[PDB]
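Some notes on the structure that comes next.
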Amino acid sequence: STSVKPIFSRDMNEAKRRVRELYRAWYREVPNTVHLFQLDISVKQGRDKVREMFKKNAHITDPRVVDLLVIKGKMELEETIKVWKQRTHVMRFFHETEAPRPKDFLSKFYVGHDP
Amino acid sequence: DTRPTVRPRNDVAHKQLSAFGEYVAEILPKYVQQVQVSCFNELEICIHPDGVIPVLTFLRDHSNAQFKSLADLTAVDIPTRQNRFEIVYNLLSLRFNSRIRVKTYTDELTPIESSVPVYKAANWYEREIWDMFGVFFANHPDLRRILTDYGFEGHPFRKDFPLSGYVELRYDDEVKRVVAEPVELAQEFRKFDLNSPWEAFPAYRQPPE
Amino acid sequence: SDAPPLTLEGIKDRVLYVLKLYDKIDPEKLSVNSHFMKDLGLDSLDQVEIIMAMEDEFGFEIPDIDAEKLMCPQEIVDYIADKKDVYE
Amino acid sequence: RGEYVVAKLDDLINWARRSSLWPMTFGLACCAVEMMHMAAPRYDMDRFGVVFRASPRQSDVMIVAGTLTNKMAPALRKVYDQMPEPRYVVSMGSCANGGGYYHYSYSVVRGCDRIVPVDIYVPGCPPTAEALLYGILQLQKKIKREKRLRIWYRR
Amino acid sequence: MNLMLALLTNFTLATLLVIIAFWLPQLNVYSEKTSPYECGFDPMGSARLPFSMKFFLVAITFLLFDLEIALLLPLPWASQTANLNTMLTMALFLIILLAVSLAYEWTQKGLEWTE
Ligand SMILES: COC1=C(OC)C(=O)C(C/C=C(\C)CC/C=C(/C)CC/C=C(/C)CC/C=C(/C)CC/C=C(/C)CC/C=C(/C)CC/C=C(/C)CC/C=C(/C)CC/C=C(\C)CCC=C(C)C)=C(C)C1=O
Ligand SMILES: CCCCCCCCCCCC(=O)OC[C@H](COP(=O)(O)OCC[N+](C)(C)C)OC(=O)CCCCCCCCCCC
Ligand code: SF4
C-alpha cells in the first residue's frame with residue numbers, strides 16, 4: 001500500500017529536473033518551429049504558448065504523473081523537430097477558428113443550458 | 001461427438017495443455033499466479049508484471065517450449081479492476097504445433113518492461129498499446145504514437161474514451177488550413193440497450209453479492 | 001593572443017546587460033545582488049530562461065544541477081568566473 | 001454575333017476538358033480496388049480519355065476513393081490545392097461521402113466534403129466499377145453544360 | 001543562313017507555345033497551390049541540401065572515356081591513308097589501352113557503387 005513502481009523519477013525534486021530540461025528544449029525549439037513551418041506568429045507568441053502549457057499542470061505533486069507528462073511532452077517535441085507535424089498540427093494550440101465562448105454566468109445563461 | 005450442431009471436444013489436447021500448464025508453473029513459481037485451460041483448449045498463464053521477461057524468455061528458449069513466434073500482443077481495459085489494463089501475449093510454437101497465452105496487468109502509471117529484447121515483433125505492438133491505451137513500456141527502443149493523429153490527445157481504446165472523441169476536423173477558408181474544433185454530430189449516435197433481463201448461461205453464474 | 005581577456009568587471013557588465021534585455025525585469029530595479037525570486041518577482045521558469053540567455057551570451061552549457069542554484073546576478077558572475085578560471 | 005461565337009468557343013473548351021479527364025493516382029481504401037477494375041479491360045476507362053497520372057500538377061480530377069481519416073485530411077487538402085484549375089472532385093463510396101461504416105469514429109472525417117468541394121457523389125460500399133464509371137460520365141455531362149465564356153461575355 | 005533560320009524557327013515556335021500557356025488560361029494563384037510537392041506532407045528540409053553521388057568514381061571515368069570518342073571518331077578518315085600498317089597498329093593500340101583501363105577499374109571494384 002502506497003509503495004509503487006516508479007517510471008523515471010523517484011521524487012518530485014528529481015522529477016522537476018526533467019520538467020526544466022524539457023522546458024529548455026521547447027524554449028530553444030520555438031524559433032526553429034516558427035521558421036520551418038512558416039508560421040505567421042512571433043517567437044514570443046510561441047514561447048508564451050509553451051509557458052501556458054507548462055503552467056497548466058503546475059499543481060501536480062505525483063512524480064509518476066509528472067514523468068508521463070514529460071514523456072508526452074518529449075513525444076510532442078520529437079514530432080515537431082522532425083516535421084512529422086504539419087502547419088495544421090502546430091496551430092491547433094492556438095484555436096484560431098474557435099469563437100470565444102462565454103465565461104460569466106449571465107453570458108452562459110443567454111446562449112444555452114450548459115453550466 | 002455425434003451431434004451435428006455441437007462442437008466436438010478434443011480431450012487429448014486438453015490433458016496435454018493442462019499438463020504443460022503445471023510444468024510452467026513449477027518452473028516459474030516466482031511469477032505464475034494462475035493457470036487455466038478453456039473448454040476449447042487454449043492455455044492461459046497469468047503472471048505477475050515483474051515476470052514478463054523471465055516468463056517469455058523461458059517460453060521462447062526452453063527446449064520443451066520453443067515458442068519462437070509472437071502471434072499478437074494486445075491490451076484489454078477493465079475499469080472495475082484496480083489494475084484496469086490486461087496485457088495479453090499470444091505465442092506460437094512451430095516445433096510443438098501449440099499455442100499459449102500469457103497475461104499480466106498494470107494501471108495508468110505503472111510501467112511494464114518492454115519485450116523487444118525477447119521478441120522483435122513486440123516493437124510495434126507495444127507502440128500500439130501505448131498509443132491506444134496509455135500503458136508505458138520501459139526501455140522501449142522508441143515509444144510514440146503509431147495509429148493516432150499527430151498531437152492527438154487521449155487514448156481511444158480506453159472504455160471511458162467516447163466513441164466519437166472530443167475533436168473533429170474540417171477545412172477553414174479564413175486560415176487556409178485544416179482546423180480542429182469540438183465535436184458536434186448532425187445525428188447523435190443512438191445508444192441501444194440490447195441486454196436481455198434473463199440470464200443466458202447458468203454455468204457462468206457468479207455467486208450472489 | 002591579442003583579444004582582451006575576461007575580467008570580473010567584464011563578466012558583471014555582460015550579466016547585468018542580459019538581465020536588462022529580459023522583459024519581465026524592471027531596468028531601474030535590478031541590483032547586482034537582488035534575488036530573482038524574492039526581489040524581481042520572477043518564477044521558476046523565468047529563472048530558466050535567464051540561464052539560457054547566459055549560455056547564449058557566454059557560449060557554454062550550464063547543467064540543471066548547477067543552474068538551480070544561480071538565484072541572483074552575483075551568483076551567476078561567480079559561476080561564470082569559476083568555470084572560466086577568471087581569477088582576476 | 002458575339003454571343004454565337006462565345007457559345008461555340010465554350011462548346012470547344014468544354015469538349016476538350018471532358019474528353020481528356022486525367023484523374024490523380026489517389027486511392028485510400030477498398031473503394032480504390034473498384035477503381036482499379038474501372039481501369040481493367042472490361043470497362044477500360046482509358047477509352048473514354050480518362051488516364052491516371054500520379055502528379056497532382058498534371059491531374060484534372062480527384063477521386064476520393066476510400067475512407068478519409070483525420071491524419072490523412074491535411075494531405076488530401078494539400079494535393080487538392082496543388083491541382084491546377086479547372087479541377088473537379090469526385091467522391092466515391094460511403095466513407096468518402098459521409099463517413100459510411102465509420103461515421104461515428106474518433107478518427108474519421110464525416111465526409112470528404114468537409115475538406116474539399118465535391119462535384120459528384122458516387123454511392124455504394126463500394127460502388128461497382130460500372131457505378132463509378134456512371135459518375136465519371138455524369139461529371140462529363142456537368143462539364144458539357146458549363147457557361148464560363150457566356151457568363152464572361154455579359155459581365 | 002538556312003541552319004540559323006531553322007534554329008530560330010524551332011526555338012521561336014517553342015517560345016510562342018510557352019507564352020500562350022501562361023497568358024491564355026485563367027489563373028487562380030495562392031500560397032498552398034505553389035508549395036513544393038512531397039506526396040501531400042510538407043517537405044522535411046530543403047531540396048538544395050547535398051545529395052550524395054554513389055557513382056562518383058564512374059562519373060570521373062566517364063570524363064576520361066568520353067575523350068576516347070574524340071580520338072576514335074577520326075578513324076574512318078584515318079583508314080584512307082597510305083600508311084595502313086602504322087594506322088591500324090595505333091588504332092588497335094589506342095582501343096586496347098582504352099580496354100585495359102576498363103579492365104583495371106572493373107577488377108579493382110571501381111565500377112561498384114559505394115554503399
Ligand atoms: C490493393 O491495395 C491497394 C493498392 O495496391 C495496388 C493501391 O495502390 C492503393 C492506392 C490506389 C491508387 C493510388 C489508384 C490505383 C488505380 C489504378 C487504375 C492503378 C491500377 C493499374 C494500372 C495499370 C492503371 C493505369 C496505369 C498504367 C501504367 C496503364 C498504361 C496505359 C496508359 C494509357 C498510361 C499512360 C500511357 C501512355 C502511352 C501516355 C498517355 C498519357 C497522356 C498524358 C496522354 C497524351 C499526352 C499529351 C501530353 C497530349 C498529346 C498531344 C500534345 C502534347 C500536343 C501535340 C499536338 C500539337 C498540335 C501541339 C490502394 C488504396 C490499395 O488498397
Ligand atoms: C497578342 C495580343 C493579344 C490581344 C488580346 C487577345 C485576347 C482578348 C481578345 C478579346 C477581344 C474582344 O473584345 O472580344 C470580346 C467581344 C465582345 O466585347 P464586349 O462584350 O464589349 O467585351 C467587354 C467585356 N465583357 C465581355 C466582360 C463585358 O466578343 C467577341 O465578339 C468575341 C469574343 C471571343 C474571342 C473571339 C476570337 C476567336 C478566336 C478563335 C481561336 C481558335
Ligand atoms: S465506402 Fe465501403 S468499400 Fe469504400 S472504403 Fe468505405 S468501407 Fe471500403
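By order of appearance in the C-alpha cells: chains A, B, ..., then residues from 1 within every chain, and ligands from 1 in the order shown.
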Residue 62 of chain C surroundings by only C-alpha atoms, 10 Å radius, close-in-sequence under 5 positions cut, as a VMD selection string: chain C and resid 51 to 52 54 to 55 67 to 68 79 to 80 83
Residues from the last selection, N, CA, C and O atoms, saved as a PDB file, in the first residue's frame:
```pdb
ATOM      1  N   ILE C  51      18.969  31.731 -17.457  1.00  0.00           N
ATOM      2  CA  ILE C  51      20.175  30.916 -17.563  1.00  0.00           C
ATOM      3  C   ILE C  51      20.472  30.591 -19.020  1.00  0.00           C
ATOM      4  O   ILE C  51      21.633  30.566 -19.441  1.00  0.00           O
ATOM      5  N   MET C  52      19.431  30.330 -19.811  1.00  0.00           N
ATOM      6  CA  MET C  52      19.642  30.049 -21.228  1.00  0.00           C
ATOM      7  C   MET C  52      20.199  31.268 -21.950  1.00  0.00           C
ATOM      8  O   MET C  52      21.014  31.133 -22.868  1.00  0.00           O
ATOM      9  N   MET C  54      22.203  33.369 -20.542  1.00  0.00           N
ATOM     10  CA  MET C  54      23.612  33.367 -20.161  1.00  0.00           C
ATOM     11  C   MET C  54      24.414  32.403 -21.024  1.00  0.00           C
ATOM     12  O   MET C  54      25.539  32.713 -21.430  1.00  0.00           O
ATOM     13  N   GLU C  55      23.852  31.228 -21.320  1.00  0.00           N
ATOM     14  CA  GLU C  55      24.541  30.293 -22.203  1.00  0.00           C
ATOM     15  C   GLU C  55      24.790  30.917 -23.567  1.00  0.00           C
ATOM     16  O   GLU C  55      25.865  30.745 -24.151  1.00  0.00           O
ATOM     17  N   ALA C  67      22.559  25.215 -12.521  1.00  0.00           N
ATOM     18  CA  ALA C  67      21.694  26.358 -12.783  1.00  0.00           C
ATOM     19  C   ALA C  67      20.604  26.513 -11.735  1.00  0.00           C
ATOM     20  O   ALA C  67      20.035  27.602 -11.608  1.00  0.00           O
ATOM     21  N   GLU C  68      20.296  25.455 -10.986  1.00  0.00           N
ATOM     22  CA  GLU C  68      19.254  25.533  -9.970  1.00  0.00           C
ATOM     23  C   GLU C  68      19.667  26.378  -8.775  1.00  0.00           C
ATOM     24  O   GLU C  68      18.809  26.718  -7.953  1.00  0.00           O
ATOM     25  N   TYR C  79      29.745  31.912 -10.785  1.00  0.00           N
ATOM     26  CA  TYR C  79      29.754  30.641 -11.502  1.00  0.00           C
ATOM     27  C   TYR C  79      30.488  30.764 -12.831  1.00  0.00           C
ATOM     28  O   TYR C  79      31.302  29.904 -13.183  1.00  0.00           O
ATOM     29  N   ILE C  80      30.209  31.826 -13.588  1.00  0.00           N
ATOM     30  CA  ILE C  80      30.879  32.010 -14.872  1.00  0.00           C
ATOM     31  C   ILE C  80      32.371  32.222 -14.662  1.00  0.00           C
ATOM     32  O   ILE C  80      33.202  31.643 -15.371  1.00  0.00           O
ATOM     33  N   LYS C  83      33.967  28.849 -13.575  1.00  0.00           N
ATOM     34  CA  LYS C  83      34.094  27.879 -14.656  1.00  0.00           C
ATOM     35  C   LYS C  83      34.971  28.373 -15.795  1.00  0.00           C
ATOM     36  O   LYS C  83      35.391  27.564 -16.629  1.00  0.00           O
TER      37      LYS C  83
END
```
Interface residues on chain A facing chain D, 12 Å, only C-alpha atoms, written as number ranges by chain: A: 84-89
Please write the residues from the selection above to a file, keeping N, CA and C atoms, as a compact mmCIF listing (two decimals), in the first residue's frame.
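Okay, result37.txt is ready:
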```
# COMPACT_ATOMS: atom_id res chain seq x y z
N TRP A 84 7.26 15.84 -38.56
CA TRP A 84 6.15 14.92 -38.72
C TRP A 84 4.83 15.67 -38.65
N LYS A 85 4.72 16.62 -37.73
CA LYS A 85 3.59 17.53 -37.71
C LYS A 85 3.61 18.44 -38.93
N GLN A 86 2.43 18.88 -39.32
CA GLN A 86 2.23 19.85 -40.38
C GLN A 86 1.84 21.19 -39.77
N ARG A 87 1.73 22.22 -40.61
CA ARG A 87 1.33 23.53 -40.10
C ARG A 87 0.01 23.45 -39.36
N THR A 88 -0.89 22.57 -39.80
CA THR A 88 -2.18 22.44 -39.13
C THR A 88 -2.03 21.89 -37.72
N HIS A 89 -1.07 20.98 -37.51
CA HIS A 89 -0.91 20.37 -36.20
C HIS A 89 -0.29 21.34 -35.20
```
Test item: residues lying within 10 Å of ligand 3 with only C-alpha atoms and all ligand atoms, as a ChimeraX atom specification: /D:27-34,64-68,91-102,122-128
Environment of ligand 1 within 12 Å, counting only C-alpha atoms and all ligand atoms, reported as JSON, numbers by chain: {"D": [16, 19, 20, 21, 22, 23, 24, 25, 26, 27, 28, 29, 30, 31, 32, 33, 34, 35, 36, 37, 38, 39, 40, 41, 43, 44, 45, 46, 47, 48, 49, 50, 51, 52, 53, 54, 55, 56, 57, 58, 59, 60, 62, 63, 64, 65, 66, 67, 68, 129], "E": [13, 14, 16, 17, 18, 20, 21, 39]}
Selection within 6 Å of ligand 2 by only C-alpha atoms and all ligand atoms, output as JSON, numbers by chain: {"D": [2, 6, 152, 153, 154, 155]}
Contact set, chain E to chain A: 12 Å, only C-alpha atoms, as a PyMOL selection string: chain E and resi 31-32+35+40-46
Could you make a table, as a tab-separated table, of the residues of chain A that have an atom within 7 Å of an atom of chain B, each with its nearest atom pair and distance in Å to one decimal, counting only C-alpha atoms, in chain and number order?
```
residue	atom	partner	partner_atom	distance
A:5	CA	B:110	CA	6.0
A:6	CA	B:110	CA	6.9
A:7	CA	B:111	CA	6.3
A:64	CA	B:109	CA	6.3
A:75	CA	B:144	CA	6.4
A:76	CA	B:151	CA	6.8
A:85	CA	B:150	CA	6.1
A:88	CA	B:178	CA	5.9
A:89	CA	B:151	CA	6.6
A:92	CA	B:180	CA	6.5
A:98	CA	B:181	CA	6.9
```
Let's have the selection written as an mmCIF file, in the first residue's frame, with C-alpha atoms.
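The resulting selection04.cif:
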```cif
data_model
loop_
_atom_site.group_PDB
_atom_site.id
_atom_site.type_symbol
_atom_site.label_atom_id
_atom_site.label_comp_id
_atom_site.auth_asym_id
_atom_site.auth_seq_id
_atom_site.Cartn_x
_atom_site.Cartn_y
_atom_site.Cartn_z
ATOM 1 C CA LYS A 5 6.982 1.222 -9.064
ATOM 2 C CA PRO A 6 8.400 4.486 -10.479
ATOM 3 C CA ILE A 7 8.780 5.434 -14.129
ATOM 4 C CA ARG A 64 4.751 9.432 -11.803
ATOM 5 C CA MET A 75 6.955 12.942 -27.925
ATOM 6 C CA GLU A 76 5.379 16.260 -28.916
ATOM 7 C CA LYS A 85 3.589 17.528 -37.707
ATOM 8 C CA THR A 88 -2.183 22.443 -39.131
ATOM 9 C CA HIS A 89 -0.911 20.374 -36.199
ATOM 10 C CA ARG A 92 -4.032 23.611 -33.066
ATOM 11 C CA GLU A 98 -12.963 28.847 -32.183
#
```
Helix (DSSP H, G or I) call set, DSSP backbone run, chain E, as a PyMOL selection string: chain E and resi 2-23+31-34+56-72+75-78+84-107
Within 6 Å of chain E: residues of chain D, using only C-alpha atoms, as a ChimeraX atom specification: /D:75,78-79,81-82
Can I get the selected residues back with C-alpha atoms, as a PDB file, in the first residue's frame?
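Generated output (out.pdb):
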```
ATOM      1  CA  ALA D  75      -2.584  15.520 -47.013  1.00  0.00           C
ATOM      2  CA  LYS D  78      -2.616  19.720 -49.916  1.00  0.00           C
ATOM      3  CA  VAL D  79      -2.796  17.527 -53.017  1.00  0.00           C
ATOM      4  CA  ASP D  81      -4.642  22.547 -53.576  1.00  0.00           C
ATOM      5  CA  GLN D  82      -1.701  21.602 -55.805  1.00  0.00           C
TER       6      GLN D  82
END
```
Counting only C-alpha atoms, chain D residues within 10 Å of chain B, as a PyMOL selection string: chain D and resi 69-75+77-78+102-116
For residue 49 of chain A: contacts at 12 Å, only C-alpha atoms, fewer than 6 positions along chain excluded, given as a list in words: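 Residues near the query, excluding close chain neighbours: residues 23, 26, 27, 30, 41, 42, 43, 55, 56, 90, 91, 92, 93, 94 and 95 of chain A.
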Now that the selection is made, can you save its residues with C-alpha atoms as a PDB file, in the first residue's frame?
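Saved as selection34.pdb:
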```
ATOM      1  CA  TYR A  23      11.196  23.373 -20.933  1.00  0.00           C
ATOM      2  CA  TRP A  26      10.908  23.573 -26.112  1.00  0.00           C
ATOM      3  CA  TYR A  27      12.174  27.105 -25.483  1.00  0.00           C
ATOM      4  CA  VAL A  30      10.223  27.668 -30.989  1.00  0.00           C
ATOM      5  CA  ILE A  41       3.172  34.048 -35.297  1.00  0.00           C
ATOM      6  CA  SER A  42       6.134  35.547 -33.454  1.00  0.00           C
ATOM      7  CA  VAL A  43       8.746  33.741 -31.389  1.00  0.00           C
ATOM      8  CA  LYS A  55       1.672  26.294 -16.060  1.00  0.00           C
ATOM      9  CA  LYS A  56      -1.458  24.300 -16.923  1.00  0.00           C
ATOM     10  CA  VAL A  90       1.256  23.147 -34.739  1.00  0.00           C
ATOM     11  CA  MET A  91      -1.522  25.756 -34.968  1.00  0.00           C
ATOM     12  CA  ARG A  92      -4.032  23.611 -33.066  1.00  0.00           C
ATOM     13  CA  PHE A  93      -2.517  25.006 -29.854  1.00  0.00           C
ATOM     14  CA  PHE A  94      -3.936  28.455 -30.680  1.00  0.00           C
ATOM     15  CA  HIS A  95      -7.601  27.705 -31.537  1.00  0.00           C
TER      16      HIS A  95
END
```
